[PDB]
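> my complex, part one, positions kept as in the full thing:
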Amino acid sequence: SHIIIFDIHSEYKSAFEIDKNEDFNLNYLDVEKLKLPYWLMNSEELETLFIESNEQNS
């Protein structure tokens, strides 16, 4: 069974966090543990991240 949850303001962590003896491994990817290599980005997202906005860049 495969489920993916993109939860802004995380709330469903408790709903699936049953006791450890029940053997239900939960992969809690939070901002601290999240590993997104920036070099995988494409043109649009690279420009959005670095070039920014709010200015007529020279």
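Great, that's in hand. Numbers count the residues shown, from 1 in each chain, chains lettered A, B, ... in the order given.
> which stretches in chain A count as strands?
Using DSSP state E, no strands are found in chain A.
> helices along that one, start to end?
Here chain A has its helices, by DSSP state H, at A:13-16, A:43-50.
> what about the longest one, distance to the chain center?
Which is helix A:43-50. 17 Å (Cα atoms, centre = their mean, to the nearest Å).
> assess the claim that residue A:51 and residue A:58 are in contact.
No: Residue A:51 is not in contact with residue A:58 according to Cβ atoms under 8 Å; the separation is 11.8 Å. Just so you know, the C-beta spots here come from the backbone N, C-alpha and C atoms, and that holds for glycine as well.
> the two: which has the busier surroundings?
Applying other Cβ atoms under 10 Å to residue A:51 and residue A:58 shows that residue A:51 carries more neighbours, namely 9 against 3.
> now do the contacts for the more buried one.
Going by Cβ atoms under 8 Å, 6 or more residues apart in numbering, residue A:51 touches residue A:57.
> end to end on stretch A:47-58, go ahead and measure it.
Using Cα to Cα, to the nearest Å, the end-to-end distance of stretch A:47-58 comes to 15 Å.
> equivalent analysis for stretch A:15-32, please.
End to end - Cα to Cα - stretch A:15-32 spans 21 Å.
> another chain to add, chain B:
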Amino acid sequence: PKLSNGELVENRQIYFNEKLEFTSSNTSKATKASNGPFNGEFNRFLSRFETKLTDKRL
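Below is chain B, added to the chains above:
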């Protein structure tokens, strides 16, 4: 149009064969170079278009 290697362009058709490097801009009277009418206006267009060209699911 003036090439980087002190060369003028007579016919605007050598662009199709390859990519050319031009001389930088300056305001000195002896060596005066001005930006072209379409200089730097196709930046995002070039980025998106090259993104289209690179991907080969199409």
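> re-run the earlier check on the contacts of residue A:51 with chain B in the model.
residue A:57 (Cβ atoms under 8 Å, 6 or more residues apart in numbering or on different chains).
> what's the answer for residue A:26, then?
Taking Cβ under 8 Å, 6+ apart, we find residue A:26 in contact with A:13, A:16, A:17.
> one more pass at 7 Å, please.
A:16, A:17 (Cβ atoms under 7 Å, 6 or more residues apart in numbering or on different chains).
> same deal with residue A:4?
Residue A:4 neighbours (Cβ under 7 Å, 6+ apart): none.
> one more: residue B:16?
Counting by Cβ under 7 Å, 6+ apart, residue B:16 has no contacts.
> for chain A, give the residue positioned nearest to chain B.
Nearest residue of chain A to chain B, counting by Cβ to the nearest Cβ: residue A:43, 4.8 Å away.
> quick check: that residue touching residue B:52?
No: using Cβ atoms under 7 Å, residue A:43 makes no contact with residue B:52, being 10.3 Å away.
> quickly check: stretch B:29-42 near chain A or not.
No: using Cβ under 7 Å from any Cβ of the partner chain, stretch B:29-42 stays clear of chain A, with a minimum separation of 9.9 Å.
> with neighbour numbers in mind, choose between residue A:43 and residue B:52.
It is residue A:43, of residue A:43 and residue B:52, that has more neighbours when counted by other Cβ atoms under 10 Å in any protein chain shown, with 14 against 9.
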